[PDB]
């Protein structure tokens, strides 16, 4: 396709490795580029962890109100919300919102720990029929994004399908799905990534990620006014361990696949 040559060229010019999966719910069509290759999810794995907690809350009434202690020793590389609550408690709802909307790594660690650890988040993905997702480590090591390392990776195809199932499909109960959508729509970190490649007025819920090797990711549900939504995963990674992030590549991919 023309979109394929455009994604191929975007990738070639970038010098990196681009993974794209788009689902257009209007006709159930997909646009796939390296869609079965594994990419380090980085902070995009936060959606699966928050969704695991949402699922757990369907059978455990008042779960989101459960308090979690924040210690200074819990602080990692990035935790703008949790650092404000050192020696205080945050509810699982507050942790989910911090993880999803501010990409708070301590929040993600508390979500991971709540469900039983990285393997438990992976078990949750398996329960939804996602056989690709794997969460192996906690924050911050889950972001190393070493080329060829399968830890903490998924494929664009798998993540797009899962994200569709979570936000639009029946993977979660009605209220939990609406909650995840609300959390993602309220993301504050996504303006330079997928969103930057879309018409300014479109409603977007997304989760960005960054990591080693200039890994730059974004997973999104896009609701254009008067249209059916799109699910889009754009994963990008580079040859150099200390490569700077390339959110512009995700924005360019978003534009290519949405035009």
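Residue numbers count along the first chain shown, from 1.
S.K.: If you average the CA temperature factors over each stretch, which comes out higher, 114-122 or 158-166?
M.R.: Higher mean C-alpha B-factor in the PDB entry: 114-122.
S.K.: Averaging CA B factors per stretch from the PDB record, which one is higher: 169-177 or 93-101?
M.R.: Per the PDB entry, the higher value belongs to 169-177.
S.K.: So if I compare the CA B-factors in the entry for 193, 210, 201, 234, which one is the largest?
M.R.: Max CA B-factor in the entry, restricted to 193, 210, 201, 234: 201.
S.K.: Would you mind finding, among 138, 153, 127, 187, the residue with the largest C-alpha temperature factor in the entry?
M.R.: Checking the PDB record, the top C-alpha B-factor among 138, 153, 127, 187 is at 127.
S.K.: Among the chain's modelled residues, which third holds the C-alpha B-factor of residue 56?
M.R.: Highest third, going by the recorded CA B-factors of the chain.
S.K.: Where does the C-alpha B-factor of residue 10 rank in its chain, lowest, middle or highest third?
M.R.: Answer is middle: the recorded C-alpha B-factor places it there.
S.K.: Please say which third, lowest, middle or highest, residue 67 falls into when its CA temperature factor is compared across its chain.
M.R.: As the PDB entry reports it, the C-alpha B-factor of residue 67 lands in the highest third of its chain.
S.K.: Using the B-factor values recorded in the entry, state whether the Cα atom of residue 206 falls in the lowest, middle or highest third among the modelled residues of its chain.
M.R.: Its C-alpha B-factor belongs to the lowest third of this chain's values.
S.K.: For residue 144, does the deposited CA B-factor place it in the lowest, middle or highest third of the chain?
M.R.: Within its chain, residue 144 is a lowest-third residue by C-alpha B-factor, going by the deposited values.
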